[PDB]
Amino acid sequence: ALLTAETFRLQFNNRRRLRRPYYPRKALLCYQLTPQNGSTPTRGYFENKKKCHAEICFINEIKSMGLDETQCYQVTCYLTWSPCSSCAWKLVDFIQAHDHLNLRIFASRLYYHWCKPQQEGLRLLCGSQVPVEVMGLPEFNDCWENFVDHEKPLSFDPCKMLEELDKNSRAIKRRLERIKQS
């Protein structure tokens, strides 16, 4: 159920440029659903598969759970790659049909942020009740704590690794800010 600590470090790695050994930074999504009646959170994670994308895999998962439409839920997502233009649309739709869910999205990296469609896509999310932010130490902290297996001994220092995501996320944050006001 739990991501391996090496999967976390490699896949959430928001570095400017990769360090050797090189590896594909795959899409990955960490969601957590909290009811607002004072209740227990539910968690899981998705990759890209079949005819999906992790966001689309997660939209249909919610539908499966058959939630309580009389209840507001807080839905938080942690994406290594900020969403598609196409997934942007499919998410804006989804949230419009499910007003009883409060969606918030955090990206570790901004996917093709120099292209207009991905730009418009993110401005839309932020215009259509779906705030988009860059993960910072708070979000990197919560994702490590609750989504990563901590039973085995690590080949690296977790606190320094988190330190470095925090540091790298700053320039990624100013870039997202500039996109919103364009």
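In this text, residue numbers run from 1 along the sequence as written.
For the pair 138-146 and 35-43, the mean Cα B-factor is higher in 35-43. Of the candidates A27, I62, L122, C30, the one whose C-alpha carries the top B factor in the deposited record is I62. Among the modelled residues of the chain, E69 sits in the lowest third by CA temperature factor in this PDB entry.
In the deposited entry, the Cα temperature factor of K116 sits in the middle third of values across the chain's modelled residues. Remark: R20 belongs to the highest third of its chain, ranked by C-alpha B-factor as recorded. Placement of the Cα temperature factor of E133 within the chain: middle third of the modelled residues, per the deposited record.
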